[PDB]
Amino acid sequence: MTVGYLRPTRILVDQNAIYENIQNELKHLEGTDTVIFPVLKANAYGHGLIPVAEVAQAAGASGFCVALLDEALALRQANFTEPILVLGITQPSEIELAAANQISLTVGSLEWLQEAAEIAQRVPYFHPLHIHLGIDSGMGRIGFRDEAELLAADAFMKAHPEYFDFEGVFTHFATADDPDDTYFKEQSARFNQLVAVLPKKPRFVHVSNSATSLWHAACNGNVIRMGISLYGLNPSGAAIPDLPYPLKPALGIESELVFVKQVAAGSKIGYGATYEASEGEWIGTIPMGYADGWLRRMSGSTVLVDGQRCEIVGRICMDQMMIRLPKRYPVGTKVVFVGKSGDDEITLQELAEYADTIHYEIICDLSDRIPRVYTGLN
């Protein structure tokens, strides 16, 4: 958890980009009453929980979504007072913490409510929990999967208003970013069938991740759980290239050369001696490694130095890596991992493709050992 402020490896977060992305979605929503609850789980997708919450609030966020009770508590402790929804399951033993901090909880079973009521009944002066019922419409993760148990949960909260405030109902789509919308339409029809058994809807009815808001807006309820698009990234990677408005990428990554040398032919570079240089090759060393989240699978990809693509050669080490340079550069020369250099640019999508993963994972894997530097809001 030590932050490497003195090391010249940095994550750059453009808060103006985040502000514009959110404002564009608000514009996209005009003519409805739909509000935006930015999704800030996983340290705001690696961008930094509190700084992203600050700009999101300035940009017009009406509430927040997180993965864990601990993340919601962290927002409350930073003096945010908006509604906060924990999207994962919180065990019933923690309901007193949630109720005392007005944290809204996702509930996917009648059993959870029964257990929570047994606990709450023993708490003097208990104040009601704000509950969102999670409906599993085909993601298979958490939530109710039939009408009967859903209505039983609805009835149980009505029987115990001293413990439960039915605040929301929601589902999540597995394929809203798929060029084939067959399964999305199946899930949307299934959610609509299931929520139809509720005699009265709660104040929040929501289904939309970024992809749903971007490409299936007619299916929006009255909250957008805006995640990846807030950070300026296409939810689909490249599968659905066209967007209803432009996304401005918020995150860049930079470092510097800390060592530069020229080597003779056959010189072995890195662990396992897996790379052998050519004659007169220039090798640059960079203080970034797999402990920072630049995993060994990134060997053979390129960084940008002075507008030139430079291959990562040999094995990536825990804290350092080596690149092939086209000529001698001074120690301290900027290296661009993500972002623009010269007339070129390395995107998170292109890195995700090289790593055989998705950009969500690239940014979420960035270690807190790398300091985040923010533009501030113009």
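Residue numbers run from 1 along the displayed sequence.
Judged by mean Cα B factor in the deposited record, 274 to 282 ranks above the other of 106 to 114 and 274 to 282.
64 to 72 and 328 to 336 differ in mean CA B-factor, and the higher of the two is recorded for 328 to 336.
Of the candidates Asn209, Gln91, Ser229, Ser236, the deposited coordinates give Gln91 the top C-alpha B factor. Comparing the C-alpha B-factors of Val223, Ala153, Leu214, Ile240 in the entry, the top value falls on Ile240. Ranked by C-alpha B-factor against the other modelled residues of its chain, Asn16 falls in the highest third.
In the PDB entry, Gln320 places in the lowest third of its chain by CA B-factor. In the PDB entry, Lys41 places in the highest third of its chain by CA B-factor. Residue-level temperature factors show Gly134 in the lowest third of its chain, judged at the C-alpha atom.
Per the PDB record, residue ranking by Cα B-factor puts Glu149 in the highest third of the chain.
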